[PDB]
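Since the structure comes first, as structure tokens, the remarks are kept for the end.
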Amino acid sequence: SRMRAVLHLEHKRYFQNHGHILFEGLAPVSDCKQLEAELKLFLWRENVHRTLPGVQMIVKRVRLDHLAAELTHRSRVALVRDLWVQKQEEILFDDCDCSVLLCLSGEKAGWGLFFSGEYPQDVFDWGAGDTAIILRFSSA
């Protein structure tokens, strides 16, 4: 089982103050590793949700769309783009309402960062052996 996850007012305040917030254990670690293993097989790294159901399944079952909308005070947002990345330098600017970087493997598997605008420096990174997926959410 998994406990229900609920944002606290202080999580909102942190995101308001800084424009990002990092959560430990945002997504179940086993769901992240399973997705990563399927992505390695699938081997182009853009919009991998069009090829594997695990991306939207994580978005929906962890409620990343509802959490992003809540943090950004949007009625609703939806996943519009994604990118499976090996290095943080690969995460370029996207003008969407909110992004989520979800780490898929290694020590920080399951950790996720909500942010808007450019990827924030000196907040989150993962080892050279590990990967992550950036999820772009839009109210458009």
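Using ideal geometry, Cβ is built from the backbone for each residue, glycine included, and neighbour counts are taken over all protein chains shown. Please treat every number below as a calculation from the coordinates, not as lab data.
Please determine whether any residue of the range 63-71 is over 14 Å from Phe115 (Cα atoms) and not acidic (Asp, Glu).
yes
Conditions tested, residue by residue: (1) hydroxyl-bearing (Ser, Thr, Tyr); (2) surrounded by fewer than 17 Cβ atoms within 10 Å (Cβ to Cβ); (3) part of a helix (DSSP H, G or I); (4) in contact with a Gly (Cβ under 9 Å, 6 or more places away or on another chain).
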| site | (1), (2), (3), (4) |
| --- | --- |
| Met3 | no, yes, no, no |
| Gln16 | no, yes, yes, no |
| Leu22 | no, no, no, yes |
| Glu38 | no, yes, yes, yes |
| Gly54 | no, no, yes, no |
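Checking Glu118, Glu10 one by one, the residue that is out of contact with any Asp or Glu (no Cβ under 6 Å at 6 or more places or on another chain) and assigned to a helix (DSSP H, G or I) is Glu10 and no other. The residues of the range 40-52 that are assigned to a loop (DSSP other than H, G, I, E, B) and more than 17 Å from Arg136 (Cα to Cα) amount to a single one, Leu43. Applying the set (1) surrounded by fewer than 19 Cβ atoms within 10 Å (Cβ to Cβ); (2) in a helix (DSSP H, G or I); (3) among the hydrophobic types (A, V, I, L, M, F, W, C) to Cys32 leaves exactly one unmet item: (1). Exactly one residue out of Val62, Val77 is touching a helix residue (DSSP H, G or I) at 6+ places or on another chain (Cβ under 9 Å), more than 19 Å from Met3 (Cβ to Cβ) and surrounded by 20 or more Cβ atoms within 10 Å (Cβ to Cβ), and it is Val77.
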